[PDB]
Amino acid sequence: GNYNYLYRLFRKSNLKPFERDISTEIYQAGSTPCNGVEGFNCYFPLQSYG
Amino acid sequence: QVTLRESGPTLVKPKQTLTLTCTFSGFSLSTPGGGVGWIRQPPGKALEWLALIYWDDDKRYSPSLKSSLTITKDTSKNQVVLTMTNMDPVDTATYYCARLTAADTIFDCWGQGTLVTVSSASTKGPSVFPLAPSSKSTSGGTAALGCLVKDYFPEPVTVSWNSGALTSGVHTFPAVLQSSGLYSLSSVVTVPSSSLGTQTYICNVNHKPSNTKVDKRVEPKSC
Amino acid sequence: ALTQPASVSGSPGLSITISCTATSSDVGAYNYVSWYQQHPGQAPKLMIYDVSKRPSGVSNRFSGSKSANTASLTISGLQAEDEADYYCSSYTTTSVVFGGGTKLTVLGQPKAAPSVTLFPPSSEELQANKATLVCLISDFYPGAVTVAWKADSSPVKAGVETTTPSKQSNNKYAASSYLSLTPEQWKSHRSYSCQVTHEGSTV
């Protein structure tokens with residue numbers, strides 16, 4: 001598993017044309033915030049290609 | 001600013017001539033692009049356009065109802081009258097009085113709509129009877145009072161406690177036609193079992209066809 | 001007469017698109033199109049009058065876009081206010097079409113247990129030959145569950161096929177029930193069972 005390169009899957013706002021969006025903060029998924037600890041109803045960005 | 005409140009009869013015999021009205025205020029029917037129409041919707045399906053009059057005395061009708069729907073205007077008193085014949089048991093719906101301020105905005109603001117049922121039965125009196133907690137009324141703690149009313153054919157009816165004074169937290173949920181042929185509805189206003197004898201509870205029923213403004217106080221009844 | 005799908009419901013937070021059909025047979029160019037958000041129990045209210053232009057006052061994130069023949073409402077965040085219907089209306093060649101039905105619910109909500117409370121008739125309708133045993137069933141989000149009667153004799157409807165489809169302020173549908181009884185018989189009967197089967201809490 002080549003886990004070097006990563007991408008972006010979980011987003012809430014479409015980016016603008018020719019815009020560098022380096023997002024690192026914990027994505028608030030599901031319906032309630034979890035503040036870092038993913039657990040349930042959350043997802044961590046920068047997923048792996050595989 | 002726009003009060004498209006409908007008024008008129010609610011019960012009609014089969015194969016008759018029905019007449020609906022909706023008094024409006026806050027605007028006029030003389031500005032370019034103005035329009036007042038009628039839109040109905042049977043419970044359980046989509047909506048269908050009936051008619052739409054304009055400011056130039058243009059009476060546009062529905063392609064299917066081309067002869068029954070004869071809508072007229074009255075600018076002197078700001079009232080729109082809708083006439084329809086051949087009352088079949090399919091015309092039961094909530095008729096909304098619409099307002100077309102412009103051509104781009106299709107029916108921006110609506111009214112309230114009245115439910116006109118199509119049947120052959122007459123109207124009946126109310127059955128206002130209080131529901132006080134009894135020895136077998138304690139299940140989980142909820143012992144809310146009620147004045148369930150039944151034995152009445154016209155479905156449109158509302159429950160107003162103290163003429164709209166103690167109506168905070170009312171959960172009066174209406175019902176549908178039963179197997180016998182009489183509607184029924186109760187009040188689920190959130191009142192604990194503690195504050196029941198101190199405050200006065202008079203659910204002023206409002207029957208539109210029968211005009212029965214009966215009142216009944218609610219007190220803790222014994223066995 | 002254009003149609004539209006029945007359920008395009010999704011999870012809160014995510015974005016969903018109610019894509020109602022075009023049916024270019026009657027419409028000419030799909031110039032003017034409106035969308036309604038009729039709340040259950042009240043009159044329909046407009047949220048967008050043009051294809052993308054929305055009226056003032058009642059507008060948070062409601063937007064629409066028509067590519068070639070049909071538009072679609074785009075709502076992403078405002079998905080926790082009410083599960084109302086969405087009708088798309090457009091001007092036809094001779095009339096005004098209102099589309100079809102689309103019950104957009106909130107997929108995923110707290111599975112709260114239902115509430116069963118017995119309300120025996122007081123001393124007001126027992127002598128009036130109108131004895132009714134009203135049973136209050138509320139405190140459950142998903143639709144209106146079916147009431148079950150097992151009062152030691154037989155399952156009898158007696159006026160239970162109503163489900164009381166009226167949503168409250170807490171967005172919780174209540175399946176309130178009633179019971180048609182004899183003129184005056186209180187001791188000759190027993191406690192009628194109101195064990196309603198709810199999705200998640202069958203008790």
# chains A, B, ... in the order shown; residues from 1 in each chain; ligands from 1
>>> closest_atom_pairs(of="chain C", to="chain B", cutoff="7 Å", atoms="only C-alpha atoms", output="tab-separated table")
residue	atom	partner	partner_atom	distance
C:32	CA	B:104	CA	6.0
C:34	CA	B:106	CA	6.3
C:42	CA	B:112	CA	6.8
C:43	CA	B:112	CA	5.4
C:44	CA	B:110	CA	6.7
C:45	CA	B:109	CA	6.4
C:46	CA	B:108	CA	5.4
C:49	CA	B:105	CA	4.8
C:50	CA	B:104	CA	6.5
C:95	CA	B:62	CA	6.5
C:96	CA	B:49	CA	5.9
C:97	CA	B:48	CA	6.9
C:98	CA	B:47	CA	5.5
C:99	CA	B:46	CA	6.7
C:100	CA	B:46	CA	5.0
C:101	CA	B:46	CA	5.7
C:117	CA	B:139	CA	5.1
C:118	CA	B:137	CA	5.5
C:119	CA	B:137	CA	5.3
C:120	CA	B:137	CA	6.5
C:121	CA	B:131	CA	6.3
C:122	CA	B:131	CA	5.6
C:123	CA	B:221	CA	6.5
C:124	CA	B:129	CA	6.0
C:125	CA	B:129	CA	6.2
C:159	CA	B:178	CA	5.5
C:162	CA	B:176	CA	5.5
C:164	CA	B:175	CA	4.9
C:166	CA	B:173	CA	5.6
C:168	CA	B:171	CA	6.5
>>> write_last_selection(atoms="N, CA and C atoms", output="PDB file, in the first residue's frame")
ATOM      1  N   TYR C  32     -39.489  30.338 -16.532  1.00  0.00           N
ATOM      2  CA  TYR C  32     -39.848  30.638 -15.153  1.00  0.00           C
ATOM      3  C   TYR C  32     -40.181  29.339 -14.431  1.00  0.00           C
ATOM      4  N   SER C  34     -40.671  27.880 -10.186  1.00  0.00           N
ATOM      5  CA  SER C  34     -40.732  28.182  -8.765  1.00  0.00           C
ATOM      6  C   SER C  34     -40.739  26.889  -7.959  1.00  0.00           C
ATOM      7  N   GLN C  42     -49.975  23.490   7.034  1.00  0.00           N
ATOM      8  CA  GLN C  42     -50.145  24.894   6.684  1.00  0.00           C
ATOM      9  C   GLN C  42     -50.191  25.078   5.172  1.00  0.00           C
ATOM     10  N   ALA C  43     -50.175  26.338   4.717  1.00  0.00           N
ATOM     11  CA  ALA C  43     -50.221  26.677   3.305  1.00  0.00           C
ATOM     12  C   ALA C  43     -48.817  26.723   2.713  1.00  0.00           C
ATOM     13  N   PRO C  44     -48.680  26.422   1.421  1.00  0.00           N
ATOM     14  CA  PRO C  44     -47.355  26.469   0.792  1.00  0.00           C
ATOM     15  C   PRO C  44     -46.783  27.879   0.792  1.00  0.00           C
ATOM     16  N   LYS C  45     -45.463  27.961   0.948  1.00  0.00           N
ATOM     17  CA  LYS C  45     -44.742  29.226   0.939  1.00  0.00           C
ATOM     18  C   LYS C  45     -43.618  29.153  -0.083  1.00  0.00           C
ATOM     19  N   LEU C  46     -43.396  30.258  -0.787  1.00  0.00           N
ATOM     20  CA  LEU C  46     -42.379  30.301  -1.827  1.00  0.00           C
ATOM     21  C   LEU C  46     -40.998  30.520  -1.222  1.00  0.00           C
ATOM     22  N   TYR C  49     -38.289  32.107  -6.693  1.00  0.00           N
ATOM     23  CA  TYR C  49     -39.234  32.432  -7.755  1.00  0.00           C
ATOM     24  C   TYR C  49     -38.634  32.261  -9.145  1.00  0.00           C
ATOM     25  N   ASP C  50     -37.362  32.603  -9.317  1.00  0.00           N
ATOM     26  CA  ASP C  50     -36.690  32.449 -10.597  1.00  0.00           C
ATOM     27  C   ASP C  50     -35.921  31.128 -10.611  1.00  0.00           C
ATOM     28  N   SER C  95     -51.483  26.176 -19.074  1.00  0.00           N
ATOM     29  CA  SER C  95     -51.859  26.139 -17.665  1.00  0.00           C
ATOM     30  C   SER C  95     -50.593  26.234 -16.821  1.00  0.00           C
ATOM     31  N   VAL C  96     -50.735  25.952 -15.529  1.00  0.00           N
ATOM     32  CA  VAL C  96     -49.632  25.990 -14.574  1.00  0.00           C
ATOM     33  C   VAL C  96     -49.535  24.615 -13.928  1.00  0.00           C
ATOM     34  N   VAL C  97     -48.386  23.965 -14.083  1.00  0.00           N
ATOM     35  CA  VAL C  97     -48.163  22.647 -13.510  1.00  0.00           C
ATOM     36  C   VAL C  97     -47.559  22.806 -12.119  1.00  0.00           C
ATOM     37  N   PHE C  98     -47.938  21.905 -11.211  1.00  0.00           N
ATOM     38  CA  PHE C  98     -47.440  21.926  -9.841  1.00  0.00           C
ATOM     39  C   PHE C  98     -46.576  20.715  -9.510  1.00  0.00           C
ATOM     40  N   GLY C  99     -46.262  19.874 -10.494  1.00  0.00           N
ATOM     41  CA  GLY C  99     -45.407  18.731 -10.238  1.00  0.00           C
ATOM     42  C   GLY C  99     -46.130  17.621  -9.494  1.00  0.00           C
ATOM     43  N   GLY C 100     -45.366  16.885  -8.691  1.00  0.00           N
ATOM     44  CA  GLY C 100     -45.912  15.789  -7.914  1.00  0.00           C
ATOM     45  C   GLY C 100     -45.521  15.853  -6.452  1.00  0.00           C
ATOM     46  N   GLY C 101     -45.601  14.723  -5.757  1.00  0.00           N
ATOM     47  CA  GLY C 101     -45.285  14.660  -4.339  1.00  0.00           C
ATOM     48  C   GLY C 101     -43.863  14.180  -4.103  1.00  0.00           C
ATOM     49  N   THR C 117     -49.808   6.696  27.403  1.00  0.00           N
ATOM     50  CA  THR C 117     -50.533   7.225  28.555  1.00  0.00           C
ATOM     51  C   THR C 117     -52.018   6.961  28.354  1.00  0.00           C
ATOM     52  N   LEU C 118     -52.644   6.314  29.333  1.00  0.00           N
ATOM     53  CA  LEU C 118     -54.070   6.027  29.279  1.00  0.00           C
ATOM     54  C   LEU C 118     -54.867   7.209  29.817  1.00  0.00           C
ATOM     55  N   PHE C 119     -55.927   7.576  29.095  1.00  0.00           N
ATOM     56  CA  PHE C 119     -56.829   8.659  29.487  1.00  0.00           C
ATOM     57  C   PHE C 119     -58.247   8.109  29.553  1.00  0.00           C
ATOM     58  N   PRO C 120     -58.641   7.507  30.670  1.00  0.00           N
ATOM     59  CA  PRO C 120     -60.014   7.004  30.806  1.00  0.00           C
ATOM     60  C   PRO C 120     -61.016   8.143  30.762  1.00  0.00           C
ATOM     61  N   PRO C 121     -62.257   7.868  30.366  1.00  0.00           N
ATOM     62  CA  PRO C 121     -63.259   8.938  30.303  1.00  0.00           C
ATOM     63  C   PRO C 121     -63.643   9.424  31.692  1.00  0.00           C
ATOM     64  N   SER C 122     -63.778  10.741  31.821  1.00  0.00           N
ATOM     65  CA  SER C 122     -64.159  11.352  33.083  1.00  0.00           C
ATOM     66  C   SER C 122     -65.667  11.232  33.294  1.00  0.00           C
ATOM     67  N   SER C 123     -66.165  11.896  34.332  1.00  0.00           N
ATOM     68  CA  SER C 123     -67.593  11.874  34.648  1.00  0.00           C
ATOM     69  C   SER C 123     -68.335  13.010  33.949  1.00  0.00           C
ATOM     70  N   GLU C 124     -68.130  13.124  32.647  1.00  0.00           N
ATOM     71  CA  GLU C 124     -68.814  14.108  31.815  1.00  0.00           C
ATOM     72  C   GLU C 124     -69.471  13.487  30.594  1.00  0.00           C
ATOM     73  N   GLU C 125     -68.856  12.465  30.001  1.00  0.00           N
ATOM     74  CA  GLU C 125     -69.405  11.788  28.835  1.00  0.00           C
ATOM     75  C   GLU C 125     -69.856  10.365  29.128  1.00  0.00           C
ATOM     76  N   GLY C 159     -61.792   2.542  15.269  1.00  0.00           N
ATOM     77  CA  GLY C 159     -61.360   3.902  15.010  1.00  0.00           C
ATOM     78  C   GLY C 159     -59.902   4.160  15.335  1.00  0.00           C
ATOM     79  N   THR C 162     -56.276   6.225  11.758  1.00  0.00           N
ATOM     80  CA  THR C 162     -56.114   7.652  11.511  1.00  0.00           C
ATOM     81  C   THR C 162     -54.663   8.099  11.568  1.00  0.00           C
ATOM     82  N   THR C 164     -53.208  10.207  13.125  1.00  0.00           N
ATOM     83  CA  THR C 164     -53.108  11.638  13.407  1.00  0.00           C
ATOM     84  C   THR C 164     -51.895  12.265  12.726  1.00  0.00           C
ATOM     85  N   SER C 166     -50.160  14.900  12.003  1.00  0.00           N
ATOM     86  CA  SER C 166     -49.977  16.319  12.287  1.00  0.00           C
ATOM     87  C   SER C 166     -48.671  16.490  13.046  1.00  0.00           C
ATOM     88  N   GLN C 168     -45.817  18.472  15.196  1.00  0.00           N
ATOM     89  CA  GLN C 168     -45.766  19.496  16.226  1.00  0.00           C
ATOM     90  C   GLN C 168     -44.541  20.386  16.013  1.00  0.00           C
TER      91      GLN C 168
END
>>> interface_residues(of="chain C", to="chain A", cutoff="10 Å", atoms="only C-alpha atoms", output="JSON, numbers by chain")
{"C": [11, 12, 13, 14, 15, 76, 77, 80, 108, 109]}
>>> write_last_selection(atoms="N, CA and C atoms", output="PDB file, in the first residue's frame")
ATOM      1  N   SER C  11     -28.807  12.194   4.706  1.00  0.00           N
ATOM      2  CA  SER C  11     -28.327  12.473   6.048  1.00  0.00           C
ATOM      3  C   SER C  11     -28.163  13.978   6.259  1.00  0.00           C
ATOM      4  N   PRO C  12     -28.373  14.460   7.485  1.00  0.00           N
ATOM      5  CA  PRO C  12     -28.177  15.889   7.755  1.00  0.00           C
ATOM      6  C   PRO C  12     -26.732  16.307   7.524  1.00  0.00           C
ATOM      7  N   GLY C  13     -26.554  17.579   7.198  1.00  0.00           N
ATOM      8  CA  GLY C  13     -25.225  18.099   6.884  1.00  0.00           C
ATOM      9  C   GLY C  13     -24.815  17.955   5.438  1.00  0.00           C
ATOM     10  N   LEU C  14     -25.059  16.791   4.844  1.00  0.00           N
ATOM     11  CA  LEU C  14     -24.737  16.581   3.443  1.00  0.00           C
ATOM     12  C   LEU C  14     -25.728  17.322   2.548  1.00  0.00           C
ATOM     13  N   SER C  15     -25.346  17.483   1.287  1.00  0.00           N
ATOM     14  CA  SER C  15     -26.161  18.182   0.305  1.00  0.00           C
ATOM     15  C   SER C  15     -26.917  17.188  -0.567  1.00  0.00           C
ATOM     16  N   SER C  76     -27.551  22.350   1.412  1.00  0.00           N
ATOM     17  CA  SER C  76     -26.468  21.604   2.039  1.00  0.00           C
ATOM     18  C   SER C  76     -26.540  21.644   3.560  1.00  0.00           C
ATOM     19  N   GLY C  77     -26.602  22.833   4.153  1.00  0.00           N
ATOM     20  CA  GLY C  77     -26.548  22.955   5.597  1.00  0.00           C
ATOM     21  C   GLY C  77     -27.899  22.969   6.280  1.00  0.00           C
ATOM     22  N   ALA C  80     -31.981  20.638   9.028  1.00  0.00           N
ATOM     23  CA  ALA C  80     -32.436  20.283  10.368  1.00  0.00           C
ATOM     24  C   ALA C  80     -33.510  21.244  10.865  1.00  0.00           C
ATOM     25  N   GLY C 108     -31.979   9.766   9.615  1.00  0.00           N
ATOM     26  CA  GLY C 108     -31.120   9.717  10.782  1.00  0.00           C
ATOM     27  C   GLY C 108     -31.514  10.712  11.853  1.00  0.00           C
ATOM     28  N   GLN C 109     -32.202  10.235  12.883  1.00  0.00           N
ATOM     29  CA  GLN C 109     -32.658  11.075  13.980  1.00  0.00           C
ATOM     30  C   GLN C 109     -32.650  10.245  15.252  1.00  0.00           C
TER      31      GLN C 109
END
>>> residues_around(residues="residue 116 in chain B", least_positions_apart="2", cutoff="7 Å", atoms="only C-alpha atoms", output="ChimeraX atom specification")
/B:10-11,92-94,114,118
>>> write_last_selection(atoms="C-alpha atoms", output="PDB file, in the first residue's frame")
ATOM      1  CA  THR B  10     -67.586  24.566   3.534  1.00  0.00           C
ATOM      2  CA  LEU B  11     -70.254  21.877   2.997  1.00  0.00           C
ATOM      3  CA  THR B  92     -62.796  17.787  -1.985  1.00  0.00           C
ATOM      4  CA  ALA B  93     -59.600  19.742  -1.306  1.00  0.00           C
ATOM      5  CA  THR B  94     -58.140  22.767   0.471  1.00  0.00           C
ATOM      6  CA  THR B 114     -60.309  26.037   3.656  1.00  0.00           C
ATOM      7  CA  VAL B 118     -68.119  16.933  -0.988  1.00  0.00           C
TER       8      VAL B 118
END
>>> residues_around(residues="residue 6 in chain A", least_positions_apart="5", cutoff="10 Å", atoms="only C-alpha atoms", output="MDAnalysis selection string")
chainID A and resid 45:50
>>> residues_around(residues="residue 6 in chain C", least_positions_apart="2", cutoff="10 Å", atoms="only C-alpha atoms", output="ChimeraX atom specification")
/C:3-4,8-9,18,20,85,100-104
>>> write_last_selection(atoms="N, CA, C and O atoms", output="compact mmCIF listing (two decimals), in the first residue's frame")
# COMPACT_ATOMS: atom_id res chain seq x y z
N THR C 3 -43.39 15.34 -13.61
CA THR C 3 -43.35 14.56 -12.39
C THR C 3 -42.05 14.84 -11.65
O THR C 3 -41.24 15.69 -12.04
N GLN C 4 -41.83 14.11 -10.55
CA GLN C 4 -40.62 14.26 -9.75
C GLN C 4 -40.49 13.03 -8.86
O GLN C 4 -41.50 12.38 -8.55
N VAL C 8 -35.87 11.86 -1.99
CA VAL C 8 -34.48 12.21 -2.28
C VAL C 8 -33.85 12.56 -0.93
O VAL C 8 -32.93 13.38 -0.84
N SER C 9 -34.36 11.93 0.12
CA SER C 9 -33.90 12.23 1.47
C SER C 9 -32.47 11.75 1.68
O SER C 9 -32.01 10.81 1.03
N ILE C 18 -32.98 17.95 -5.22
CA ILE C 18 -34.31 17.52 -5.64
C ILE C 18 -34.47 17.87 -7.11
O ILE C 18 -34.83 18.99 -7.46
N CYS C 20 -36.47 17.64 -10.07
CA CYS C 20 -37.78 17.34 -10.65
C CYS C 20 -37.70 17.41 -12.17
O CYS C 20 -36.96 18.22 -12.74
N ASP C 85 -42.45 19.07 2.24
CA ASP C 85 -42.48 18.69 0.84
C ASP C 85 -41.86 19.77 -0.03
O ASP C 85 -41.68 20.92 0.39
N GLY C 100 -45.37 16.88 -8.69
CA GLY C 100 -45.91 15.79 -7.91
C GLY C 100 -45.52 15.85 -6.45
O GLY C 100 -45.14 16.92 -5.95
N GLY C 101 -45.60 14.72 -5.76
CA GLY C 101 -45.29 14.66 -4.34
C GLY C 101 -43.86 14.18 -4.10
O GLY C 101 -43.37 13.29 -4.80
N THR C 102 -43.21 14.78 -3.11
CA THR C 102 -41.85 14.41 -2.72
C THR C 102 -41.72 14.62 -1.22
O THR C 102 -41.46 15.74 -0.76
N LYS C 103 -41.89 13.55 -0.45
CA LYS C 103 -41.79 13.60 1.00
C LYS C 103 -40.33 13.46 1.39
O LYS C 103 -39.80 12.36 1.55
N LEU C 104 -39.66 14.60 1.55
CA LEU C 104 -38.25 14.62 1.93
C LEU C 104 -38.14 14.58 3.45
O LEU C 104 -38.44 15.57 4.12
>>> select_by_dssp(residues="chain A", states="strand (DSSP E)", output="PyMOL selection string")
chain A and resi 6-7+47-48
>>> atom_distance(atom1="CA of residue 147 in chain B", atom2="CA of residue 42 in chain B")
28.8 Å
>>> residues_around(residues="residue 27 in chain C", least_positions_apart="2", cutoff="9 Å", atoms="only C-alpha atoms", output="ChimeraX atom specification")
/C:1,22-25,29-31,90-93
>>> residues_around(residues="residue 115 in chain C", least_positions_apart="4", cutoff="9 Å", atoms="only C-alpha atoms", output="mmCIF file with N, CA, C and O atoms, in the first residue's frame")
data_model
loop_
_atom_site.group_PDB
_atom_site.id
_atom_site.type_symbol
_atom_site.label_atom_id
_atom_site.label_comp_id
_atom_site.auth_asym_id
_atom_site.auth_seq_id
_atom_site.Cartn_x
_atom_site.Cartn_y
_atom_site.Cartn_z
ATOM 1 N N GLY B 140 -46.976 7.452 32.956
ATOM 2 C CA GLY B 140 -45.586 7.854 33.039
ATOM 3 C C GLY B 140 -45.413 9.223 33.661
ATOM 4 O O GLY B 140 -44.286 9.686 33.862
ATOM 5 N N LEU C 136 -52.997 8.371 24.378
ATOM 6 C CA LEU C 136 -52.059 9.342 23.828
ATOM 7 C C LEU C 136 -50.750 8.646 23.475
ATOM 8 O O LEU C 136 -50.085 8.083 24.351
ATOM 9 N N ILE C 137 -50.383 8.693 22.195
ATOM 10 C CA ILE C 137 -49.144 8.109 21.693
ATOM 11 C C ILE C 137 -48.369 9.211 20.983
ATOM 12 O O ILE C 137 -48.815 9.718 19.946
ATOM 13 N N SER C 138 -47.216 9.580 21.533
ATOM 14 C CA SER C 138 -46.387 10.636 20.962
ATOM 15 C C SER C 138 -44.925 10.325 21.262
ATOM 16 O O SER C 138 -44.575 9.201 21.638
ATOM 17 N N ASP C 139 -44.068 11.333 21.077
ATOM 18 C CA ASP C 139 -42.638 11.246 21.384
ATOM 19 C C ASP C 139 -41.936 10.199 20.520
ATOM 20 O O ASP C 139 -41.249 9.310 21.025
ATOM 21 N N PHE C 140 -42.106 10.310 19.204
ATOM 22 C CA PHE C 140 -41.388 9.459 18.263
ATOM 23 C C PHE C 140 -41.293 10.181 16.928
ATOM 24 O O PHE C 140 -42.296 10.691 16.421
#
>>> atom_distance(atom1="CA of residue 112 in chain C", atom2="CA of residue 158 in chain B")
29.1 Å
